[PDB]
Every structure is written in C-alpha cells, then in structure tokens.
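Since every read-out is calculated from the coordinates, none of them should be taken as a lab result. Cβ atoms come from the backbone with ideal geometry, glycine included; neighbour counts cover every protein chain shown.
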Amino acid sequence: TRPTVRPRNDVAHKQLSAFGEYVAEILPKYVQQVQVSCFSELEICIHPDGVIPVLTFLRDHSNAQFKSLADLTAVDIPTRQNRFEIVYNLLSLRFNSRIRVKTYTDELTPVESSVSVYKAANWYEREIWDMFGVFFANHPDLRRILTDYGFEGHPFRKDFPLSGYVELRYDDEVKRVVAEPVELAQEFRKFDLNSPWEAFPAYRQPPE
Amino acid sequence: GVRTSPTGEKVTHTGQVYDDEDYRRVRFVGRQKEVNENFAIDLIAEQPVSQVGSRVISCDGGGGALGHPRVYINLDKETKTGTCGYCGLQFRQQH
Amino acid sequence: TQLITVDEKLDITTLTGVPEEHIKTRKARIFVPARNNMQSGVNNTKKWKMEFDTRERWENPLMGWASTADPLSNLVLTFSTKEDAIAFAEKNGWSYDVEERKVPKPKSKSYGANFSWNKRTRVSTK
Amino acid sequence: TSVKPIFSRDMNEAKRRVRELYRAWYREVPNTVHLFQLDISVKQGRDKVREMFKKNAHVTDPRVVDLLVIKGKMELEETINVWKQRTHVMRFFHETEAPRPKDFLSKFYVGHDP
Amino acid sequence: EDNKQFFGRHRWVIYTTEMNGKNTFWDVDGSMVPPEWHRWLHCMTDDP
Amino acid sequence: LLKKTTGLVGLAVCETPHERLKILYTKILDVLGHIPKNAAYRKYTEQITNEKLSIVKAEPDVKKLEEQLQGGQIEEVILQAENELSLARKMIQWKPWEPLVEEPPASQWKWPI
Amino acid sequence: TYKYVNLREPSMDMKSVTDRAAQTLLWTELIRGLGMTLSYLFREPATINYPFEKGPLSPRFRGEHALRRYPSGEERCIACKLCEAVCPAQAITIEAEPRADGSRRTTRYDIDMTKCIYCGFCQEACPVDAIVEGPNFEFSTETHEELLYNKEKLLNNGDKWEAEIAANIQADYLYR
Amino acid sequence: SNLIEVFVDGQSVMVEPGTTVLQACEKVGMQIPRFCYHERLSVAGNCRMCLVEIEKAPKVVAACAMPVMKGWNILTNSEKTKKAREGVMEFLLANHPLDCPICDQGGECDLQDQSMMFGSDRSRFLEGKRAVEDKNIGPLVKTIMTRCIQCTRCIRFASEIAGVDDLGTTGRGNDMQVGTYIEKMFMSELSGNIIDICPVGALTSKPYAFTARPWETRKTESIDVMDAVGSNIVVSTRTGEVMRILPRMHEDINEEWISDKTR
Amino acid sequence: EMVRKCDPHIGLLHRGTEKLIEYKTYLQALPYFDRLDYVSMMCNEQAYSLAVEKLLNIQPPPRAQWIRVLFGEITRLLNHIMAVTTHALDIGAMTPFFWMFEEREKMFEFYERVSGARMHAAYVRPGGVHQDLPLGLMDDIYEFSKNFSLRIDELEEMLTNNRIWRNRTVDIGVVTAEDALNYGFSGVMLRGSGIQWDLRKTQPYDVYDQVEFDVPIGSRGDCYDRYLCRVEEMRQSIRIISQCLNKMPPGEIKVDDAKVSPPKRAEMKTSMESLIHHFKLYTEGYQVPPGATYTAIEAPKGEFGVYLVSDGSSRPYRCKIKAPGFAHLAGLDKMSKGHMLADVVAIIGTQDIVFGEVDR
Amino acid sequence: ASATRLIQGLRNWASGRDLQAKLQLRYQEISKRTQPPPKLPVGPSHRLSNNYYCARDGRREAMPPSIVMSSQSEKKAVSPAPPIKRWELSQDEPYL
Ligand code: SF4
Ligand code: SF4
Ligand code: SF4
Ligand code: SF4
Ligand code: FES
Ligand SMILES: [K+]
Ligand SMILES: [Zn+2]
C-alpha cells in the first residue's frame, strides 16, 4: 500500500487522541463526544450551552492556545431534530495544530455568539444567519451579508431549491428591476447518480 | 442528402421540419435554417463492405487510439453483414 | 429558569420564506425508493426520501428544452427514519402522504430442490 | 417541551415587541415614500405594512414571533439606512406580476395547478 | 514570417480585399483566416 | 541585554520578565486555589504553572528562559500567563467541572445519516 | 528559513545623513523612477497587431465546440450522453433514437454556449472523440440565441474546422 | 425454536436451517455480490461471484447455494474473499465487449457497478475477445449476445416463471451460447421481464433502445391500469416525457414482474 | 477627512457557489474553485484536490505533486502581480501595472499550454493533475524565471524607495499581531505584523517540505511592510520555481488508481475494466468515504480552506469555503479607523481582496 | 533586440541595468511550436502479477473516526502537538 495510498500519520493520531481526552476531562460539563478521524483531525462535539466556555478555553489555555478561528460553518442535516450543525475550525499556531468544535441547534434555539472569543466570527456567524437562519444571541450587528436586500428564505438550508423562488428582470413599464416567480426555460436536470451497491463496508450501518 | 418540404424548408438529417401552420418558421424569416448537407446515414452507406477471411473481426474505427473502443464482430451469419456499433462500418466473411 | 414552556405545535412556515402557493397546494411524498429492477443492488433502498408532486413541464419554443415553473421539482430530501421525514414535513406545513417500507420477504432457497425425486421443482436444464 | 427563549418568555412580551415594530414601521412609511420617491401613497404603504403584519397573525409560538420581529427589524434597518434601492421597497407591491386565477374555473382554464 | 521580430510579431496575415462576396478592403476580420492557416498563424505549429 | 523589539507588532518589550512571570504565575495559582481539587482544570493548570514557575526560578537568563519555556518570546509568555489568569477567573464562574448538562439526541453525532 | 523585510537601522554618521538629505532635497529616487519610465520609453513595445497578428495558442486550447466525424463521413457521436452527464454547467442536451439503419445516433445535441464553462470535460468524457472543443475563439454574436448551438450547428463547426481539429488532436492525443 | 447461530464477520445472527450464506449475510445488512443468484429464481451457482471465505476452511463457498452450518464465521470482507471477487470479475470482463457507451445497460449495469465495487481497476487480458451471433427472439427484447455473461437467468425465468422451456444453452465451454438454437420468437405474456433480470445489456428493451439513459430519468412510482392486478410500476420519465415502465416490488401482487402490455 | 466607521456591504458577487457544489459531483465541482479566487486558480484547485484526496485516503504521484507546486508558485506570481500592481494602480501608480501584465500574460500562456485555458484550467484534480506537461514547457518556464527578477527589480525601483509610495503606505493600516490573530487574518496580513507563520512551512503539503525558501516577515504591521512581503514572496516564488524545474521527477501524473483518476484514452479504448471505470468516473463519479475535512493551503492571499463533508456518495454533501479575504474585509473596519478616505483605498489594496472568494 | 546601440546604451543607462541580457520580449530562445511526440510512462500499478486491487485499495482503508470519548491519577497534561520550533533566520539573505 505504498505508492497510491495516503500514508497514515499515527503520531498525530495519538497526540490528538491524548489532547481530546484532555479537553473531555477538563470540560465534562459540555463535551459530548470526542473523535479523531483516520486522517488525524480532532473533533470536539459539545453541547450548545458551552460555546463560550469551550472556545474561551481553547483560545486561552496554555496547553491549547488556539488563537486563530480558521472557519465557522453550519451544516443543514434535515433528518436531525437539531438540523443545524455549527462547526468551529480552530488553529493553534503555538502547537501547530487544528481542532474542530461542533455543536447543534434547530430553527428556533439561538446559539450564543462567539464574537467575545473570536472577532473573526463577526461575519461568519452573520453569514450563518443569512444562509441558514441560525440566530446568534448578543451579536453586535446581526443582519444579512450575502443575499439581496428583500430576500426571503435561508438558501443553504437543504429544503431551499437550487434556483430560488423569485428571479429578477428589468421591466420598462415601471422603469425598474422587478422580482417575479422563477420560470426556467430549461429545468435543472436532476441526476440520480448513486450506485445501488455498497461502496465502503467499513461504514456499514447496523440495520433495523 | 437533404430534401425539401412543400413549405420550401430543408428537412434535417433527423427528419425535423416545421409544419406549414407552425408559427415557429417565423424565426427563419429574413434569415436561414442552418442544416448540415453531409448526412452520415447517406455517407456510411457509401462505404464498401470489407471482405475478410476470419470469423470474428475487430474494429477500432481506424487510427488506433484516435477511433472508438475496439469491438469484436461475429460474422457467422452469411445472410447479413456484421456492422460495427460505433462507426457503422460493416464486414463480411469472404467464404 | 432560562427555559420557557411552549406547548404549541412546531411550525416554521412563516420563517422559511416559501411562498404560500408552494406550502398549501403541495403534496409531499414520503417513501423508501423502490429498487431499480434493472439491478440487484439494494443500497438505494436504505433511506427515506421526501419528494413532491410533479408539476407542469412544457416545451421551450426556441430550443425544445423542458421549461418548468415549479421550484420544488428537484427537491429530494433524505431521512434516516420515517418519523424524521414526518416531523420535517409537519414542521414546514406540507401536506404529506407516507408509503410504508416494502421489504422483500424471506425466501426459502435450496440448491438440492432443483433435483427432487418427485416434486415439480426439478430444473429441466441447468 | 422546555425550550430556550430568544427574547420573549411568553406571548405578551412577544406582542409588545410586535407592537413596537409596527409603531416603527408606521412612523417610517412617510419617510420611505419620500426619500425613495415612490409612486404610492403613504396610506397605501401603511396598508402594505398592515397586510404584512396580518399575514403572520396566526402564530402562537413566542420564538417564531421573536424571529419575525427580528427579521422585521432587519428589514426596517435596511429601509431607514438607505441600503435597499427603490426596487426592494417596491417588491412588496407585486405590480408587474399578473393576478393569478383564484377560483376553480379559471385555474381549470389556464392549466393544471390546484 | 519574420523570425527577427519577437514572438507574436513574427507571423502575420495581410487579409484579402474581397472574401465570399464581401468587400474586406477596410473590413478585415479575424475569422477570415481558414482553418489550415489558423494553426500556423496562432502558432499551434511550426509548419504552414 | 535589553532586547530592542519583540518582532510582534504591539507586543511591548518587558524590562523585568522574571518578576512579571513570578507575579503572574503565583497569581494564577492563587486564583486556581479557589477551584475544587478534583477538577481537571485545576490539576492540569497547577501542574503546568508549577513547571513554568520552577523553570523561571531556575534560570536567571532571559534568552535561555525563552529557549526552555519554549513559548516563543518572553513577552508572549507573559501574554499567555495573562490569558491563563483571565481564563481561570472565568472558569471559576462557569464551573465546567460539573457533569454534562444534557445528553444529545440519539442520532445527533451519527455520520453518515 | 525566514527573513526580515524592513528591519534596517539607517546609519547616523554625517555621510549617511547628508546622503539622505540630498535624497530629500534633490529628489534622487524620483529621478530614478523617471529614469526607469524613460527606459521603457525607448523599448520596443509588446503590442501585437491584432487582427493581423495573433496571440500564440497551444493545441490544447479550448474554444468553440464541434461534433466530429470518422474518415468516412459517419458522425462519431453514438449518443451515449457521457458528455452531458459530466457537464458541470449542464450545457449539453441530448436526445437519441435508433435511426433508419438501426444505428445509435442523436436527434438532439444542443450546447448552450452561454451556460458552457469551456472546461472541456465533455471532450475528455467522450469515448469516441465526437465532441471536441476546437480552436475557434472568435465567434462573438450579436444575439443571445445565436449562442444556442444545436446539432446542425455543431456538425457544421466540425465540418468547418476539422482540418485543424484533427491536427490538434494529432499533436495532443499522446498526452491524453 | 430451531434457529441456528452463525456469524457474519464475527456478528452473531440466528437463522433458520436451510438458510444460505448469502441470506445470513443479508440478515446483518450486507449484500454479497452476485450475477446468477436471483431470489425469485432457482439457485444456479454458475457465475461464482458470491464466493466468500468461511473461516477455518481453506476453500471459498458459493454463498448463494451453500447452506450455513452452525458456528460458521462468514468473512464477507477478508482478503481471499476479495481476491475471489477480483478473479471472477476479471474472467467476466475478459471476453466482455467494450460496448458501455453504445449499450443501454450503462449506468444501471450490475456488471459495471460491482466491477467498480469489487473487481480490479485494470485489465490483463492481452488476447482477442470472442464475438457471438445475435439472436432474434422477438420484437420486444433486443438481443446482443456478445454482452452475455451466461448467468442463465434467461433460462430459469423462462422455465420456472414464464413456463416456456424454449431458452437454453447450446454448445460447450467458451462457445456456450444462450439462445433458442432455432429462429424462434420468445413471445410470452411475461416475456419482457428477462430485460429486468439480465444483469448485463445482452437483453435490452427494443422500444426503449437508445432513447434514454438511467441517471437522467425521473422515477415516478405508480400503478398499472392495463388489467385489474394493480401492478406497482415505476414510470421513468425524462424532461416531461415518459421513457419507460419498470416494475416495483410488491410481495403480495406482482412480485417484481409486470406483463408485456404493462411494459 | 477622518474615517469613523467603514461598513463594507458585500454579496454583489454572491453566486451561491457552494450550494451548486451540493448538486454536482467532485470532478464537476472542481471548476467552481477556479472562479473563487479568480487570480489564484490552480491554488484553489489544489486546496480542493487535497481535501478530496484526504477524504479518499489516496495520494498523488510525485511528479503530479511537483507540477502542483510549480504551478502553485507560478500562480503565486500571478496573484502578487495582480495584488501589487492594482494596489499601486488604485493609488495612482499606473505604469508597473502595464509593465507586469505582460509577464502575467506569459504565465497565462503557461496555463494555456498545460491545460488549454488561460485562467480556469481545471488542471489540478483530486488524484494528481489532468494531463502531463507538453514538451518544451519547462524550457520556457526557465526562460521566464531567468528574466523575471529584473521585472521585480524595476517594479521595486518604481515603488519601494519612492517617497510618494512611502507616504501612502508607511503609517497606513497598522495591525497588531494579537488583533490579527483574533480577527482571523492569514498570510501576509499576519506576516506584516511579525507573526512567523506560513502553511507551506508549518503544515506542509505536496512537496513543500522538499523545496527551500524563506518567509518574508514585516516589522510594523502596515501597508508598506505587506507590500515588501509580497515583493519578497515573488522573489521566493522564483526560487521555488527554480527548485521545481531542477527537481522534477519522471513518472505518471494521475494516481494509478483507476477507480479515482480516469484511465488513459488508449487503454479506455482497449481494456474492459478501463472503459467501465472511464464510464463510471465520468457519469457517476467516484464515491468518497464519509467524513468531514478542513484542508487548508497557503494560497497567495492567505489560508484558503475547504471544509468538505461527504456522506458516502459521489457528490459533496457540504463544501464550506474559507477565503482569506472574508476575514480580511471584516477587519477592514478596524484597519481603517484613524485614517482618511484616500487611505481606505490603500487599505482595501493591502488586503488582497478578490470578491469572488469573499462572496462565493 | 533590434534596437540601435545608441538607444540601447541610453536605455541601459536610464534603467541602470544591462537590459539586453534579460529581455522581456521573446525570440528564438523559446521552444518549438511543433514538438516530437511523447512516450509517457505508466504508474506503478501497471503490472501483470502481484497487482490485486485489494492490496492497494486506498478508499477501503479509510475508517470511521475513532470515538475517543463519548457520552453514550497524576497523569501528564498534554498539548495537541509538541510546541512549534522557533524559525531560524535565513543564511541566504536575512536583510541583517
Ligand atoms: S466545455 Fe464543460 S461546460 Fe462546456 S459543454 Fe463541455 S463539459 Fe459542458
Ligand atoms: S458527444 Fe461523445 S460523450 Fe457525448 S453523447 Fe456523443 S459519443 Fe457520448
Ligand atoms: S452490459 Fe454493462 S459492462 Fe457490458 S457493455 Fe453494457 S453497460 Fe458495459
Ligand atoms: S442473456 Fe443475460 S440473463 Fe441471459 S444468460 Fe446471458 S447474462 Fe444471463
Ligand atoms: S451468485 Fe452464487 S455463483 Fe452466481
Ligand atoms: K438487461
Ligand atoms: Zn468501428
């Protein structure tokens, strides 16, 4: 398995497992799961009441010093009753490491804003408001950032269609760009691509 | 091998031509209906049937890797030729 | 306290931005998709799907393309269980119907039954 | 059934917030008609505000109306601070959209939509 | 050709003054080049 | 030797780094004594803070102290001491050594779905 | 493994101070910048004489689309719809049927050239080298629907540019 | 009960006596690759794709035909099971024609899909392939016999469900041809269902032929109205136009077949 | 004259790119990354390719990795020419714009010789690169690199010691190191502040642990040290290009797993397995094992990252794109306080901001 | 390249650099536009024996993430990695 297979990094796996145990036992009030991927990425899956205490820990603790917020992300997964999965990618420049801090919310429960921990989040979770509808409590200026000004709907929710519900055109009667319900001259062609055969037996879920 | 409808419109190699009462001929008014006058069905009929001395022939379309994937054609039917499903060339066992 | 008690039905239809025409006139279909009978694999029959009733597709006058006006014509959603799909459709105000999962019943197989002494299940060739 | 609130502990605080948002929109409509130099009246714009408030008037969840007040405050901030153009204000008035068939018989005449 | 000119100036076309019925004495056009000279002029090959 | 600049913009050079680190480490330990003993934050932070304080008390030099504290410049070691102090003062209020406040739903971290 | 841009202390002896003051009062670096601009003034410019001189292209160039043929006139496209499956912008629209000699051929091969991202995934998905993205880049139109190519237009682009397309494929097929 | 305990990859499962290895692996949610096994046809055991390692046994068994013994540990993912699958897929693809672009089975091919999932990624066959004379078995089923992998689902369907006994294998060895041996027209009331169960594009639908391709079709689940059976079907459409009609599995109606009028 | 508050309204180029990625396969979603940082095309290709190859648990061949690093540094020259010359053009120095876009035209010719497109190449793919280098390309890359230092020298003649350029950059947009780390800055925005951080050095990817180069580090956190950092990164990119041209290994350019990278067209037309794999990789695509990665590269604007979530299918379930310019333009409001309106265009220039990656 | 030596001397004086040694316009030093055909090599998996795909299957060695902690003594405090080594100043050109 030398030439075409990715080489496995066992040292980083052991070190991130040790630090995941470390964070899970320093903060048992909020840490729900700790996992390390096969390509050596640590994920701390927490309760959403511990957004500020965990992120303040990793930013300020002398064994963590995750001073940089690389990226802040939501994921819509509609089969969960807490469908939105808020993802904090963090970078420690002191220990040259990356961690992932994951939590959850539904449409109505607010997540506490992490602008007091990382100012970088000021736009990111603002975008999570615009793209997913996750409200962030105590954000300084929470509003839309990417959509049009009269835009109804949170587009990166997976029940939002690819083309939207409206489309613009100029109308010369009213001398104005107007919004109408979207009619495509060619419909987007949905391709059902998934093979009916199991691809990865290591990921087989136990049946009902 | 293009022919013409009684409306004066060239029938394409698919067989498409608008009806007389079809309004969509108005897009060609003052302009032209671009057809290709090299019908592939009329050009592949012009090729000679290759007489080979084998029972199974292989075709790749010529050019090696510049043709189609290499298929194998059985020639056991003496009633009918064996036609390549890609390039349309056809083969006959010479016995 | 910092927790309130909302005994109401969960309804987010005023927050999704979906227009009323595509909430109250749509029928969501909740189903496990059938196995494609061109194939014996069953990995496409493991999840619940939500789709909608197909609306009008017409011919583009210029190119003959399939023009549509239905925004929800490609919206296929994936759910681990039936109750997650039902809860997602009820939360969004979609009128839904559910088809239950059709499993293949366990067959009785025997290679020796191809060569019975006195039963009709002999194979005439193999 | 114990959920974390957004702003309102019950529906009465929620109705207070709905009411203050309606007051702010009602005050804003003449300034919006003036500085966007619209072709509508102030009364017609206040009718559109009342229509958009009555559109959501069936909600019984405090968190949903808290998000509705939050989104109304956001639209109000986009209107006061001139971030919307004239077109975003006039999108509430679906004017170039032809009126849809409402009864059964005209929807039967035009096509297949129920 | 002029291979003493730098790369880009070293191959050029003086267009015809009449092509396919159209006067091109002043109305020269980049699409007037036939495909066999279009490899050479755009330097897809060394060979005319 | 009086280092001219730290190289980091806005991180001013400390005239007496040893005394400032002793003050900050004993202040971290004084704040950290108000945490319960079985809490892992207290045990781990006492361990690393006593290690850093013994390294500071064992080395009179500034350069060698930087190369064996292994946290970069001495002024960002001071900055990390201030950050750990602020953190421990917040960890008293948060009380995160408590049990888990709520289990997730049953398939909340199940991937793929 | 790192270096310090701009960490120089200027010398404070009278020589260097008077050098910096002659720079300040006599504008020496401004004359240096005028010298460099004057130096490009007397260079031959890099300007080619378009449309008579053309920008240099490679044989891999991805321009206008063309449906190709065999060396018998038979069209190479056997309607397999791999190009429209791989097409990242869904620009390719294909309908097919068996024609009068029973051959698997298309009745619709449309490419919306205003959806097309010109990435050439269609010509590398194509198993028979039917669709290619040829060398024409000068095909600007005056109307939007003139950039909505059907099968007739694409087969005519193949018949138009085939003498060039075949030679470009002849140059680059051993890299593919 | 009389349920015996067996193991699939170490996982215990309680199965009825007579249950095959493949069905025991199905009960833990694992689908063994197959070409000739069909759960509504008789067990043939002649493609050898389902060969799986039983541990402490130095020979793979055909999982579609072998009954489980008590205490077997079926190793569905072990090294020699995967080597067996790759060897069998190599022999299936040795003489198989390079027809995937011009074949109607492409995209919905069992041979393609479980070659992608269980076979190798490349060829060693340096020889010339065989080519088979095509057959005319009627106006419904187009027949391209070079694509045939000789799994004999033809013959078992026509014998056991259609009740015809007019398909078979003539010849012997690599020249073994599935066919009727004569110019015979296979027109049963259920004659198009062999288009379903043929895992390759050797038997395709002649009216569906060349017109569409499976990934671009929309699958609407619907009901037959051609008689009062109420056969569950999939109307596959493509851009607002009905392409074809497949069956749905309903165990109590139409088990997974439809009639030729329906199809 | 002063600026009290700067509120950048964006979304004017929000295209919904990463929702369009969710309905496309992995190979199909690769050309969206050419169009995010649309002056740094093959670098974003590389970040997406490394994300997918990390989730696929495969690795590119060595020659593909050296081609990726070579074209990554050519791409870095492209982006810093764009950065420096438009940053000088908006201030008023319009002439080195035209002086350096001829060199930028020649590097677009390098892209077009290797891929067929001048900008959006779709060349760096998960599994390697799409196609091997044509013959004579490395000679011309050497002929470019042999002369490009003189171009940097005359750019640096026109701007660096110029007192008008130093008045518009030296005390403008001063960023402290702690505020740069807290605001999510990356790349030159950290390195002008004196932060010693570079992902090619610290968290190295394809063969950047095998090339030798230096990291330019600022001292004052301003526009001028960031200008000097970008000029010196062009110097070091020329250095890495020399090391890549000398240490280019023989071999294949795709991974030799034909279930991930498509086979050659000669064997697609000859072998049965190769035709099946060509078919399925260009219609369904390869299945990626389920999981979420955050793969970051040192793009010429900073940390460019992809948080890619796969569910086991041939299409991405989620693809979040971290751009450097998003956090940079968020920190614009802090960087512009206490300055003038004509300083704002210089601070928008010193943050290398391309709104394709900012808005997605 | 066709500049007269008077203009060439004025140009080199004004720039301060020998510009003819490094010209930005390209001439006969570049590669031919017509090249010989390549013979590209094959990778390591182009073998006729000992080349089973299961022994080089990268996608099927990827595992689900190992759950280190789940909610269903004097041990050393750890960090996510060792502390980063201080970068060394360049011997090539430190500007110092
Ligand atoms: S070049 Fe790309 S976008 Fe254009 S038709 Fe081909 S595959 Fe589609
Ligand atoms: S152009 Fe090529 S890929 Fe597209 S349908 Fe035709 S043969 Fe297939
Ligand atoms: S039967 Fe399957 S593997 Fe064979 S040519 Fe048809 S699609 Fe390809
Ligand atoms: S034609 Fe199809 S079903 Fe019949 S034996 Fe051959 S592969 Fe099997
Ligand atoms: S499936 Fe068991 S051998 Fe064919
Ligand atoms: K079939
Ligand atoms: Zn042929």
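Taking the criterion of being of a type in the set (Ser, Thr, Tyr) and away from chain J (no Cβ under 14 Å), the residues of the stretch A:66-101 that qualify are A:73, A:79, A:88.
The selection criterion, being more than 16 Å from ligand 6 (Cβ to nearest atom) and part of a loop (DSSP other than H, G, I, E, B), does not hold for residue G:93. Looking at A:195, A:163, just one residue is within 12 Å of chain C (Cβ to nearest Cβ), crowded, with 21+ Cβ neighbours inside 10 Å and hydroxyl-bearing (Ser, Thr, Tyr), and that residue is A:195. Give just the number: which of (1) within 10 Å of ligand 1 (Cβ to nearest atom); (2) closer than 23 Å to residue H:217 by Cα; (3) of a type outside the set (A, V, I, L, M, F, W, C) does residue G:103 not satisfy? Exception for residue G:103: condition (1).
Do we find a residue being among the hydrophobic types (A, V, I, L, M, F, W, C), in contact with a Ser or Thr (Cβ under 8 Å, 6 or more places away or on another chain) and either over 30 Å from residue B:88 (Cα atoms) or within 16 Å of ligand 4 (Cβ to nearest atom) (or both) anywhere in the stretch G:39-61? The answer is no, given that none of the residues of the stretch G:39-61 is among the hydrophobic types (A, V, I, L, M, F, W, C), in contact with a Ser or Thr (Cβ under 8 Å, 6 or more places away or on another chain) and either over 30 Å from residue B:88 (Cα atoms) or within 16 Å of ligand 4 (Cβ to nearest atom) (or both).
Just one of the listed residues (I:192, I:173) is in contact with a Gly (Cβ under 7 Å, 6 or more places away or on another chain), within 30 Å of residue G:31 (Cβ to Cβ) and buried (at least 24 other Cβ atoms within 10 Å of the Cβ), and it is I:192. Scanning the stretch A:174-185 for residues that are within 7 Å of another protein chain (Cβ to nearest Cβ) and of a type in the set (D, E, K, R) gives A:176, A:180, A:183. Just to be sure before I move on: is residue H:173 within 14 Å of ligand 6 (Cβ to nearest atom), out of contact with any strand residue (DSSP E or B) (no Cβ under 6 Å at 6 or more places or on another chain) and more than 14 Å from chain G (Cβ to nearest Cβ) in the structure I sent? Against the criterion (within 14 Å of ligand 6 (Cβ to nearest atom), out of contact with any strand residue (DSSP E or B) (no Cβ under 6 Å at 6 or more places or on another chain) and more than 14 Å from chain G (Cβ to nearest Cβ)), residue H:173 does not qualify. If I filter the stretch D:10-25 for residues that are over 16 Å from the mean Cα position of the chain (by Cα), surrounded by 13 or more Cβ atoms within 10 Å (Cβ to Cβ), hydrophobic (A, V, I, L, M, F, W, C) and part of a helix (DSSP H, G or I), do I get at least one hit? The answer is yes, given that some residue of the stretch D:10-25 is over 16 Å from the mean Cα position of the chain (by Cα), surrounded by 13 or more Cβ atoms within 10 Å (Cβ to Cβ), hydrophobic (A, V, I, L, M, F, W, C) and part of a helix (DSSP H, G or I). Assess whether residue A:188 counts as being more than 8 Å from chain C (Cβ to nearest Cβ) and of a type in the set (A, V, I, L, M, F, W, C). For residue A:188, the condition - more than 8 Å from chain C (Cβ to nearest Cβ) and of a type in the set (A, V, I, L, M, F, W, C) - is not met.
Would you check which residues across the stretch G:60-86 are within 19 Å of residue G:160 (Cβ to Cβ) and more than 14 Å from chain B (Cβ to nearest Cβ) and list them?
Scanning the stretch G:60-86 gives G:61, G:62, G:63, G:64, G:65.
Filtered by the rule that a residue be surrounded by fewer than 16 Cβ atoms within 10 Å (Cβ to Cβ) and within 13 Å of chain J (Cβ to nearest Cβ), the stretch G:11-34 gives G:28, G:31, G:34. Under the condition of being surrounded by 18 or more Cβ atoms within 10 Å (Cβ to Cβ), of a type in the set (A, V, I, L, M) and within 7 Å of another protein chain (Cβ to nearest Cβ), the residues counted in the stretch C:35-58 number 1. Of all residues in the stretch G:96-119, those satisfying the criterion of being under 20 Å from residue I:28 (Cα atoms), hydrophobic (A, V, I, L, M, F, W, C) and part of a loop (DSSP other than H, G, I, E, B) are G:113, G:116, G:117, G:119.
Among the residues making up the stretch A:176-199, a single one is assigned to a loop (DSSP other than H, G, I, E, B), under 30 Å from residue D:85 (Cβ atoms) and among the charged types (D, E, K, R): A:183. Regarding the stretch G:111-125, can at least one residue be identified that is surrounded by fewer than 23 Cβ atoms within 10 Å (Cβ to Cβ), over 26 Å from residue C:60 (Cα atoms) and among the polar types (S, T, N, Q)? Looking for residues that are surrounded by fewer than 23 Cβ atoms within 10 Å (Cβ to Cβ), over 26 Å from residue C:60 (Cα atoms) and among the polar types (S, T, N, Q), one finds at least one in the stretch G:111-125, hence yes.
Out of all the residues in the stretch H:89-100, is one or more within 16 Å of ligand 7 (Cβ to nearest atom), in contact with a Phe, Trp or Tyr (Cβ under 8 Å, 6 or more places away or on another chain) and not in a helix (DSSP H, G or I)? The answer is yes, given that some residue of the stretch H:89-100 is within 16 Å of ligand 7 (Cβ to nearest atom), in contact with a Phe, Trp or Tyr (Cβ under 8 Å, 6 or more places away or on another chain) and not in a helix (DSSP H, G or I).
When the stretch H:128-148 is filtered for residues that are among the β-branched types (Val, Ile, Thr) and more than 11 Å from ligand 6 (Cβ to nearest atom), the ones remaining, listed by number, are H:132, H:137, H:146. Taking every residue in the stretch H:147-160 that is away from chain C (no Cβ under 12 Å) and pairing it with any residue that is small (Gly, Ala, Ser) and near ligand 4 (Cβ under 6 Å from one of its atoms), at least 6 positions away or on another chain, the pairs with Cβ-Cβ distances below 7 Å are H:147/H:202; H:148/H:202. When the residues of the stretch A:102-160 are narrowed to those that are β-branched (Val, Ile, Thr) and more than 14 Å from chain C (Cβ to nearest Cβ), which ends up nearest to residue A:60 (Cα to Cα)? The residue in question is A:117.
Of all the residues that make up the stretch J:60-96, how many are part of a strand (DSSP E or B) and at the interface with chain A (Cβ under 7 Å from one of its Cβ atoms)? Within the stretch J:60-96, residues that are part of a strand (DSSP E or B) and at the interface with chain A (Cβ under 7 Å from one of its Cβ atoms) number 5.
Look at residue H:116 and say whether it is among the aliphatic types (A, V, I, L, M), more than 16 Å from ligand 2 (Cβ to nearest atom) and either within 14 Å of chain G (Cβ to nearest Cβ) or surrounded by 24 or more Cβ atoms within 10 Å (Cβ to Cβ) (or both). Against the criterion (among the aliphatic types (A, V, I, L, M), more than 16 Å from ligand 2 (Cβ to nearest atom) and either within 14 Å of chain G (Cβ to nearest Cβ) or surrounded by 24 or more Cβ atoms within 10 Å (Cβ to Cβ) (or both)), residue H:116 qualifies. For the residues J:18, J:57, the requirement of being more than 7 Å from every other protein chain (Cβ to nearest Cβ), crowded, with 17+ Cβ neighbours inside 10 Å and either touching a strand residue (DSSP E or B) at 6+ places or on another chain (Cβ under 7 Å) or among the acidic types (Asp, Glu) (or both) singles out J:57. Name the one entry in H:214, H:199 that is within 16 Å of ligand 5 (Cβ to nearest atom) and facing chain C (nearest Cβ under 9 Å). Testing whether each residue is within 16 Å of ligand 5 (Cβ to nearest atom) and facing chain C (nearest Cβ under 9 Å) leaves just H:199. Close Cβ contacts (under 6 Å, 6 or more residues apart or on different chains) running from residues in the stretch A:25-40 that are within 7 Å of chain J (Cβ to nearest Cβ) to residues that are surrounded by fewer than 21 Cβ atoms within 10 Å (Cβ to Cβ) and among the hydroxyl-bearing types (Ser, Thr, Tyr) comprise A:32/J:71; A:33/J:70; A:36/A:17; A:36/J:66. Filtered by the rule that a residue be surrounded by 12 or more Cβ atoms within 10 Å (Cβ to Cβ) and assigned to a helix (DSSP H, G or I), the stretch D:36-54 gives D:42, D:44, D:45, D:46, D:47, D:48, D:49, D:50, D:52, D:53. Filtering the stretch C:75-89 to residues that are more than 13 Å from the chain's Cα centre (by Cα) and buried (at least 18 other Cβ atoms within 10 Å of the Cβ) leaves only C:88. Screening residue I:249 on (1) in a loop (DSSP other than H, G, I, E, B); (2) within 28 Å of residue F:113 (Cα to Cα) shows it passes everything except condition (2).
When the residues of the stretch H:61-78 are filtered to those that are away from every other protein chain (no Cβ under 14 Å) and not charged (D, E, K, R), the one that is surrounded by the most Cβ atoms within 10 Å (Cβ to Cβ) is H:72.
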